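Only one chain is shown below, in structure tokens, and it's the form deposited in one PDB entry.
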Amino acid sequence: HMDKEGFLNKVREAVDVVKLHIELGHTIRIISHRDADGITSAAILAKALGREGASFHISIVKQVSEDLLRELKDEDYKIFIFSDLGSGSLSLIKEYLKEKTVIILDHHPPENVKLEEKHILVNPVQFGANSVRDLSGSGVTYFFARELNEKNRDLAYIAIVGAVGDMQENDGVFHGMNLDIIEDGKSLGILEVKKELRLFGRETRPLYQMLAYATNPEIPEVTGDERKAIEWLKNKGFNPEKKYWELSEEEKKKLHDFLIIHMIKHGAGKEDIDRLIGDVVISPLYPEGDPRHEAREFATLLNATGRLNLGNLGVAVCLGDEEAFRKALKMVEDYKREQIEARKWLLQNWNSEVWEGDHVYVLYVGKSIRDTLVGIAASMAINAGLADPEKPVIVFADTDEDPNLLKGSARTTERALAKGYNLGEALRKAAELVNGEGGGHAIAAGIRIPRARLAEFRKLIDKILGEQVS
């Protein structure tokens, strides 16, 4: 449970100080995250401020680094808006942006420091929200836009695209104020919530690829084998080359039955079965078979643009630019190819490269897996059975822009959270002793450390994770 009225009041506070700069004609400096949640957040801001005639300059970056801020203070603008980032760096924000106004529309757990009055923090977790379940970066941006203007309710589907991108329904259903965003889109007719297969490929992928690409959760003896998916689908009575949206409601229900019975016969956990069929958000504003018709395929299209340093193009895709959509459509196939090869490399090199301690797996891939896929790689290590569900997994890779730095993402399960693990506070406390930058949610966190201190990090992160148990 969260205080929705208290958080809404803090939203009204940020809206009031933003209208302060809109009246004077100030250009809003928008810094957003490269993830699909961040791309949607920048698109919601661009449309909301556009309805007010305000000027804005959007930059889609990977993280709020120390190097970003000292280049950002000497810019030109008088107000800055951080969407889907900034909560784990407001200590550095009130130092480098002390002489500027800063708005932070983020949902990450924020480090507890006192903020300057010209820096308004709008974070739902300060009002009782779950960091990975109640609201995402696009959700904070949506409520910020909806308070600035009620007409911004037509951005409810774009906000849900970001929530599915951040996997805010990973347990199979939506929670928190995401349901309030859904009810806004339902009253406008731009959004429908079905109970379908929560797998990528509802619109553009054949049914056998949808089953073979399933990594969250995995379908036993079918994930990674398109041939066995073709055969299993056929002797159950389904055309493998048909699309899931081309299935009738009778075929979908029958498909769900065979899939659940399959997971049960092969010993899949109840939690994976419960999250296989759940909330799937569609939008009648788009044709069926188009990836924008479903939220997960929309977010995958947005992640394909941010993967190639083209997040601004994905922002135009959300806004309705059809030429940017045709260019974005040519980026997803290689994005899915690199995910499959990340899982291929994972299954082959796990038992020979992983560093297993008393409370963590630490896998260093070097350059075999790109730095923006270590989060997906850490989750794939858990869903493939390579790692114990109660022991977190951290995957490191060489940073794209600097070889002397390592990008790491930590993922774990809800069962390990019941034991006392807090990946966000563990990586934040570890990064302090490594000259690095850490932080994130209790179930998912990211860290950037120098490559030289890797062996020391493995020892410290295992001790730190061992302290927060009990």
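Numbering starts at 1 and runs along the sequence shown.
Quick note: we don't show the form deposited with a small molecule bound, though the next part is all about it.
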{"item": "Options 406 to 414, 24 to 32, 40 to 48, 66 to 74; stretch whose heavy atom lies within 4.5 Å of the small molecule in the deposited complex", "value": "406 to 414"}
{"item": "The unique member of 332, 173, 167, 190 whose heavy atoms fall within 4.5 Å of the small molecule in the deposited complex", "value": "167"}
{"item": "Candidate from 123, 305, 379, 178 lying within 4.5 Å of the small molecule in the deposited complex - any heavy atom", "value": "379"}
{"item": "Close approach of residue 243 to the small molecule in the deposited complex, 4.5 Å, heavy atom", "value": "no"}
{"item": "The small molecule contact in the deposited complex: residue 108, any heavy atom under 4.5 Å", "value": "yes"}
{"item": "Any non-hydrogen atom of residue 445 within 4.5 angstroms of the small molecule in the deposited complex", "value": "yes"}
{"item": "Exercise: residue 317 in contact with the small molecule in the deposited complex, heavy atom 4.5 Å", "value": "no"}
{"item": "Heavy atom of each of 198, 309 and 311 within 4.5 Å of the small molecule in the deposited complex", "value": "no"}
